[PDB]
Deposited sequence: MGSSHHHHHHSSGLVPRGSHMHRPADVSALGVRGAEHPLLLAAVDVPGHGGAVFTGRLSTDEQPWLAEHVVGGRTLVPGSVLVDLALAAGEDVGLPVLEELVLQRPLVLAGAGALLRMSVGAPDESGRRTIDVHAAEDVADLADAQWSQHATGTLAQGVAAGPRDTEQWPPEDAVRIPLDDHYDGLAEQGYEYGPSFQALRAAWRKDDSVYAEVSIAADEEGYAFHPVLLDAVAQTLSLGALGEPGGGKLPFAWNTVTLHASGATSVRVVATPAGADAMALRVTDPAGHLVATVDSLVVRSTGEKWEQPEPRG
C-alpha cells in the first residue's frame, strides 16, 4: 500500500513515509503530530501556549540520520517552537547531498494540517547537520550518584516551574531523583514505555534536557543541540550526568541503569 505510492513506510511513530533521492543519497520524510495521537503533546505548555518540545525535532532528526546512514546530529538549531493548534501539524524533514566530508544538511519544516499536501503552508522550524557515528565509551561502574553528591530535593520543582509559566503535566514530570556535586547534576529520568520506534523517546529526551534546570543554569528553553550521539535506542529509563559547558550550556552524558552509554550531547544551549 505504501509501495503502491512508490514510497517507503516509516517505522517512527510520528512519520508516515520516506522517499530517497537516489542521485545524492539524501531523502525526504513526512509525518504528522497531533494531541489525539500523542496526548502528551497537550502536557507541555509554556506561557499558555501548547508548544511542541524541541526534543521532538531532535528525535526526528536522529531517526532521519539513522535512516540515511549518518546517525550523529552534529548540530540542530531550533527556530520558532511549533505551536500546536487543535488541528495538529504536518512535519517534513529533508536531508540533502553530502559535502566533501560526507556530512549532510537536514532541514525541518512544519505546517498546519491540511487535506491536500499541495495546500501545506510550510514554515522552517529547525536546521542542522548529520554526520558519522562515533564509538561508545565503556560501561560506567562508579558509585551512583558519585560519593560526595548531595540530594537535590524535587518536591516543588514542577510547582515552581508552573508558577513561572512552564507547565509540565505528569507525562513530562520525568525527573525521578537528582543530586548535585559542584556544578554537575546527576538525575534518574524515566517515563512509562509506550510506542516503540522512537530513536530517543522525545518525552524522555525533554526530561534529560530538564536536568539543566537543576544546576547553576536554572534561573530557558533549549535552542541548539551540539553533537548528539546515540548508542542505544528504545530507552525509557536512563541516568543523566549534566556538566557545565560554557555560557548558557551543559554537556550531557546519558546511560542506562546498568551504566551502559545510551547517548551524549557535547553541549545543549539555552537562550
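S.K.: Please list, in sequence order, every stretch of the deposited sequence that lacks C-alpha coordinates.
M.R.: In sequence order, the gaps with no modelled C-alpha are 1-25, 245-248, 301-313.
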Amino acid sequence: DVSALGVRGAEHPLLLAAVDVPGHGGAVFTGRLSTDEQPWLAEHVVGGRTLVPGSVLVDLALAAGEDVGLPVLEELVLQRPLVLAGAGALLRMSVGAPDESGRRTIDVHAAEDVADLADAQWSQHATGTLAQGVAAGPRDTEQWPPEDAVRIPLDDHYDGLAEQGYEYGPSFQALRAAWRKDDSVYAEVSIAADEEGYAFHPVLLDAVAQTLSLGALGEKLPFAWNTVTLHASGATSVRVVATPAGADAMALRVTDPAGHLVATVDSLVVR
From here on, numbers count along this sequence of modelled residues.
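S.K.: Using the B-factors recorded in the PDB entry, average over the C-alpha atoms of 90-98 and of 155-163, then report which stretch comes out higher.
M.R.: It is 155-163.
S.K.: Going by the B-factors listed in the PDB entry, is the mean over the C-alpha atoms higher for 196-204 or for 79-87?
M.R.: According to the PDB entry, the answer is 79-87.
S.K.: Can you tell me which of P71, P170, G128, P138 has the highest Cα temperature factor in the record?
M.R.: Each of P71, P170, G128, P138 was compared by C-alpha B-factor; the highest is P138.
S.K.: Say you rank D183, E188, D119, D107 by Cα B-factor from the PDB entry; which sits at the top?
M.R.: Reading the PDB entry, the winner on C-alpha B-factor is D183.
S.K.: Compare the C-alpha B factor of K220 with those of the other modelled residues in its chain, then answer lowest, middle or highest third.
M.R.: It belongs to the highest third of the chain when residues are ordered by C-alpha B-factor.
S.K.: Report the third (lowest, middle or highest) to which the CA temperature factor of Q143 belongs, ranking only the modelled residues of the same chain.
M.R.: Ranked within chain, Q143 CA B lands in the highest tercile.
S.K.: Name the third of the chain's ranked CA B-factors that contains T211, choosing lowest, middle or highest.
M.R.: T211: CA B-factor falls in the middle third of its chain.
S.K.: Based on the entry's values, in what third of the chain does the Cα temperature factor of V46 lie: lowest, middle or highest?
M.R.: For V46, whose C-alpha B-factor we compare with every modelled residue in the chain, the answer is the highest third.
S.K.: Would you check the entry's CA temperature factor for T236 and let me know if it's in the chain's lowest, middle or highest third?
M.R.: For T236, the deposited C-alpha B-factor lands in the middle third.
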